[PDB]
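Notes for the one structure printed next.
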Amino acid sequence: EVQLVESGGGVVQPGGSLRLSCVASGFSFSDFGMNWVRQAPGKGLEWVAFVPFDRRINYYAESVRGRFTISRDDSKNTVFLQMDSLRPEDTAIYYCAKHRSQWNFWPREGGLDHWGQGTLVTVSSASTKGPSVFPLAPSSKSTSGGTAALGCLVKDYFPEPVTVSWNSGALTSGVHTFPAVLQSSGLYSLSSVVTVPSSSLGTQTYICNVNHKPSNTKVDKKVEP
Amino acid sequence: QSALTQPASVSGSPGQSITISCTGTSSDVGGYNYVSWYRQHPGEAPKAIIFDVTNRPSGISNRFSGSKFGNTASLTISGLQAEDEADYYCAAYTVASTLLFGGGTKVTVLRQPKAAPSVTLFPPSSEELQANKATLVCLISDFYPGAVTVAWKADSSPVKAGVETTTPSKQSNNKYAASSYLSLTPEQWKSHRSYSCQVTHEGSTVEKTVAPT
């Protein structure tokens, strides 16, 4: 069967360069046009570039033209993607994909019949950093049915993950630690909330215990009205 | 360079038929018959399921069929089965000799009642404001199918700057959670009368509002 193997992914500083390779097997490589398609974390597929059979014109998405260059070495069954002047928004899994139709000069007939598993390119200057933690106080806006929602906002950490407990693990019911958002800076943030009886707010103490093992940072913060 | 337009979410019960639309322009979908479709399961690479509008690769179930009329191509999946739950992408050759993908559609095979999101919106904390920052926190939970769109308003006008939104994540109860964050300066926060987080799920919007203290 057709096999496509991408490599070269890793972490690069914004403005930097990286060269990706795709090694193909299981078909006559020199007979087919080849593509790169990328996918940012949790987002959609974006076609990037196409290299035709037999040394014609290469085609590119406007988003990468002038910064990325596609090429091939038929003797090595390899497609390359040279990436210069990288930006945070170039962060993605980069897929190699074969064009279905034989000898096409454009990414046209047949679509993309086979794909590799991809290689991750991360463009970021982020480095190990513990979170800044802020209380999300209960109030009338977060209270319904005699139940109050309160939380902790866990900002600006790297890398993933953080863990959040409440009252040192003694409070587990009604706890929800949401998935993290990735900021443009390369840092993450998330929130954890717990729902509690609104009648207990003046008598019971609520503390979020934030643990960020990757930076060896722990934060305990009391949250109150 | 805008993506071809697909619905965010299409769902059906097992055994039903569903259709996913893919609307381009006469520059692409309406310009050529080189429209292809791809299925992608979470954690996996895309797989070709339809090419040149109507053709199935070998190995692809004949429950999948493709068509096209005017600027809109359609993928139909009949006899919906559990394994069909996945993301689906269309793509079309363009007049610029490029290939252009649609935005993708999450197909859900319904196995529990649809459930609108619970939305809780928190204002910046007094602590954060003193750090010279301000974050509005819109937490969205227990929704199904797992797709929502989020919009923010300052007073009554949309704001797009400073918004970051997670992709929905499956919870232990098989419903979904997501979050959206609006970053402001403390003076922006204090100047306006209120800010709102609007969450749209399956065509219906739930809204929450907060105001400076």
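Counting neighbours? That spans all protein chains shown, and the Cβs are built from the backbone with ideal geometry, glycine included. Just so it is clear, none of the values below were taken in a lab; they were calculated from the coordinates.
Would you kindly give the portion of the calculated P(r) for the range B:112-212 that falls above 23 Å, as a percent of all Cα pairs? Don't skip to the answer; put the middle values down first.
On the way: 1360 of 5050 pairs.
Within the range B:112-212, distances greater than 23 Å cover 27 percent of Cα pairs.
Using a 10 Å cut-off around each Cβ, can you sort A:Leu4, B:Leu75 from fewest to most neighbouring Cβ atoms?
Values: A:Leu4 23, B:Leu75 26.
Least to most surrounded, the residues fall as A:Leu4, B:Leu75.
Only bridges whose two residues both fall in the range A:44-100 count here: according to DSSP, what percent of them are antiparallel, nearest 5? Before the final figure, lay out the partial values.
Details: 8 of 9 bridges.
So the antiparallel bridges amount to about 90 percent of the total.
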Item to check | Radius of gyration and maximum dimension Dmax of the range B:32-104, Cα, Å | outcome: 12.2, 38
Checklist entry - Can you run phi through the Karplus equation (6.51, -1.76, 1.60; θ = phi - 60°) for the range B:41-52 and list ³J(HN,Hα) in whole Hz, with x for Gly and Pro? => result 8, x, x, 10, 7, x, 10, 5, 10, 9, 9, 6
Item to check | Largest-first principal axis extents of the Cα set of chain A (Å) | outcome: 77, 33, 30
Checklist entry - Which of B:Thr54, A:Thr203, A:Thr69 comes first, and how do the rest follow, when ranked by fewest Cβ neighbours within 10 Å? => result A:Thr203, B:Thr54, A:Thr69
Checklist entry - Cross-link partners among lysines for B:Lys114, C-alpha distance below 29 Å, same-chain residues fewer than 8 apart left out? => result A:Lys43, A:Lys141, B:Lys47, B:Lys106, B:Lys153, B:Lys160, B:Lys170, B:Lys175, B:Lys208
Next on the checklist: With N set to the number of residues, divide the alpha-carbon radius of gyration of the range A:57-101 by 2.2 N^0.38 Å and report two decimals.
Outcome noted: 1.27
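Fewest Cβ neighbours within 10 Å first, please rank A:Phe68, A:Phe29 accordingly.
A:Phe29, A:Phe68
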Checklist entry - At each listed q (0.13, 0.15 Å⁻¹), what is the log10 of I(q)/I(0) that the Debye formula gives for chain B modelled as equal alpha-carbon point scatterers? => result -0.82, -0.97
Next on the checklist: If the reach is capped at under 22 angstrom between alpha carbons, list the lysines near A:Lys76, excluding any in the same chain fewer than eight residues apart.
Outcome noted: A:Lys98
